[PDB]
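Asks: Next one to model:
(2 chains, ligands or ions: 4)
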Number of protein chains: 2
Amino acid sequence: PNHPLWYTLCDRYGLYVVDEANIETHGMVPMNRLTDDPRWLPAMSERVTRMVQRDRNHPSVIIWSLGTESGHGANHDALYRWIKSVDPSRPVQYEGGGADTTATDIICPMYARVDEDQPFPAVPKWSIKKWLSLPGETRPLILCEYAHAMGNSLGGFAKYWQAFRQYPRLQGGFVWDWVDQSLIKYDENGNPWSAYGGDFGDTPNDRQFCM
Amino acid sequence: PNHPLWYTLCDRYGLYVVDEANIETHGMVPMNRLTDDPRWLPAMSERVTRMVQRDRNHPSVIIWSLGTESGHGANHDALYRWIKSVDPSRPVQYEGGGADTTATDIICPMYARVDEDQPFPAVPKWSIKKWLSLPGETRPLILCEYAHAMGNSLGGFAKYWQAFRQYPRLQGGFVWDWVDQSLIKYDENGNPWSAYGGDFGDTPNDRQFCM
Ligand code: NA
Ligand code: NA
Ligand code: NA
Ligand code: NA
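Replies: Residues are numbered from 1 along each chain as shown, chains lettered A, B, ... in the order given. Ligands and ions are numbered 1, 2, ... in the order given. Right below this line is the structure:
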């Protein structure tokens, strides 16, 4: 959840908002080790329920999100249902566990390509065009992360948009991401320079991946 | 409906058959002028019912077809329900009236393209990839006619088969068609040659479109 003033500003200028619970357990092995564990349910619930209680009156918030990159646990299913019950006014989405689990109203893959399948074991990323038409699937598809803009990037961006326009059920996506996460450091003359991971003696690190 | 020996031979050699009733009114304006008219229902029914009564025991017959190119009329709807009622063992298909009407179990267009939309009024031929994921659609798609093999033809044939393999609900189609409809004429010195429309004094004619 963002600084409270952000929602105000989005109400007034006009932007659609995905409001997301503070839940990400990426580094667990496997990814759902905590979110499938009922002993971590109360801790998780407070991060979803308190977001809904604070933010439920802003018109700019149109979709609720259960977090990100935490696999798919039974805690997600319970919390998905909690939201659908106290606030029917907004769809709920969540990406973990293959983008199309029983915990999401919207097929929300990350980095799924337009025409090319990436058939990973257990959690494949199908081409988005193919994904809509998988036997028995009916939901809309909106990428929660796509077109990773790291460095000299964004090649093939046109290809997504040609598809978004041609397919009614392909309803677009959220580019990753807005602003470089670099920090300021100074030399011996007082000149500032932009820094990434590693530049503070911080280790282990992931270098330029923060930009 | 074919020569009765055809079905026996398909049973024994192993071929899937689409048995099709003797109804085509392509030349009416509009195409469904008779098939929507209740006074032509008796003549139509006899052509569907007498087919099902004759061929219903052949295992090679897997699909029933209501005819071809007669637009979409209420008589197609009645006769569709008649078949489903007397023989639940087999799906019923019909291409006329846009290829996805209430008178077909299978989306079965003729000459719809792989990637390219052809948005004709009322009877659009969508790209087969797009057609599957239209809002509310769930049916399998098999082209009743595709890859028109007239003269030096069959360009772009690989593009269909690449799509057939990648998309589960795209399940193939039937090439148009098997054999050239030319006839033998003889000249002054008694040598045979292959003839097409017009070559008999026949007028009006459609020249080589029979090949
Ligand atoms: Na769209
Ligand atoms: Na990053
Ligand atoms: Na297929
Ligand atoms: Na022809």
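Asks: can you list the residues of chain A near chain B?
Replies: Residues of chain A found near chain B (Cβ under 8 Å from any Cβ of the partner chain) are A:117, A:127, A:129-130, A:132-136, A:138, A:166-169. In short, each C-beta sits where N, CA and C put it, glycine included.
Asks: Of those, which is the most crowded?
Replies: Within the residues of chain A next to chain B, most neighbours by other Cβ atoms under 10 Å in any protein chain shown means residue A:129, with 25 neighbours.
Asks: wait, which of the residues of chain A next to chain B is closest to residue A:45?
Replies: Nearest to residue A:45 among those: residue A:138, at 29.5 Å, using Cβ to Cβ.
Asks: gap between the closest one and ligand 1?
Replies: Distance, residue A:138 to ligand 1, using Cβ to the ion, to the nearest Å: 15 Å.
Asks: can you pull the contacts of that residue?
Replies: Going by Cβ atoms under 8 Å, 6 or more residues apart in numbering or on different chains, residue A:138 touches B:136, B:138.
Asks: now with 7 Å?
Replies: Contact analysis of residue A:138 by Cβ atoms under 7 Å, 6 or more residues apart in numbering or on different chains lists nothing.
Asks: Ok, residue A:183 next?
Replies: Neighbouring residues of residue A:183 by Cβ under 7 Å, 6+ apart: residue A:195.
Asks: Tell me what it is bridged to.
Replies: Note on residue A:183: beta-bridge partners residue A:195, judged by DSSP bridges.
Asks: how many neighbours does residue A:39 have?
Replies: 7.
Asks: Disregarding residues adjacent in the polypeptide, which is nearest to the most centrally placed residue in chain A?
Replies: Geometric centre of chain A, nearest residue: residue A:144, 4.8 Å, by Cα atoms, centre = their mean. Spatial nearest neighbour of residue A:144, excluding adjacent residues (Cβ to Cβ, 6 or more residues apart in numbering or on different chains): residue A:108 at 4.1 Å.
Asks: right, and that neighbour touches residue A:98 too?
Replies: No: judged on Cβ atoms under 7 Å, residue A:108 makes no contact with residue A:98 at a distance of 10.5 Å.
Asks: who's more crowded, those two?
Replies: Neighbours per residue (other Cβ under 10 Å) separate residue A:108 from residue A:98, with residue A:108 holding more: 26 against 17.
Asks: And residue A:29, how far from chain B?
Replies: Noted for residue A:29: a distance of 32 Å to chain B, by Cβ to the nearest Cβ, to the nearest Å.
Asks: What's the local residue count around that residue?
Replies: The tally of other residues near residue A:29 (other Cβ under 10 Å) stands at 5.
Asks: swap in the one 4 residues further on?
Replies: The number of residues packed around residue A:33, counting by other Cβ under 10 Å, is 15.
Asks: mind checking the SS state of the most far-flung residue of chain A relative to its centre?
Replies: Relative to the C-alpha centroid of chain A, counting by Cα atoms, centre = their mean, residue A:189 is the outermost residue, at 41.4 Å. Under DSSP: H, G, I helix; E, B strand; the rest coil, residue A:189 falls in the coil class.
Asks: for it, phi and psi?
Replies: Residue A:189 has phi and psi values of phi -100, psi 0 when expressed as degrees, to the nearest 10.
Asks: What is the three-state secondary structure of residue A:51?
Replies: helix.
Asks: Report the separation between it and residue B:117.
Replies: Between residue A:51 and residue B:117 the computed distance is 42 Å (Cβ to Cβ, to the nearest Å).
Asks: Compute the number of surrounding residues for residue A:65.
Replies: Using other Cβ under 10 Å as the criterion, residue A:65 is surrounded by 22 other residues.
Asks: Identify the residues contacting the residue nearest to it when sequence neighbours are not counted.
Replies: Nearest residue to residue A:65 in three dimensions, chain neighbours excluded: residue A:20, at 4.0 Å (Cβ to Cβ, 6+ apart). Residue A:20 is in contact with A:65, A:67-68, counting by Cβ under 7 Å, 6+ apart.
Asks: Please, which helix or strand holds the residue nearest to the centre of chain A?
Replies: Under the criterion of DSSP states H and E, residue A:144 resides in strand A:141-146.
Asks: quick check, distance from that strand to the centre of its chain.
Replies: Between the centre of strand A:141-146 and the centre of its chain there are 8 Å (Cα atoms, centre = their mean, to the nearest Å).
Asks: Contacts for that strand next, please.
Replies: Strand A:141-146 is contacted from outside by A:93, A:95, A:106-112, A:128, A:131-132, A:160, A:169-176, using Cβ under 7 Å, 6+ apart.
Asks: What subset of those is buried?
Replies: Neighbour-count burial (16 or more other Cβ atoms under 10 Å in any protein chain shown) applied to the contacts of strand A:141-146 gives A:93, A:95, A:106-110, A:112, A:128, A:131-132, A:160, A:169-170, A:173.
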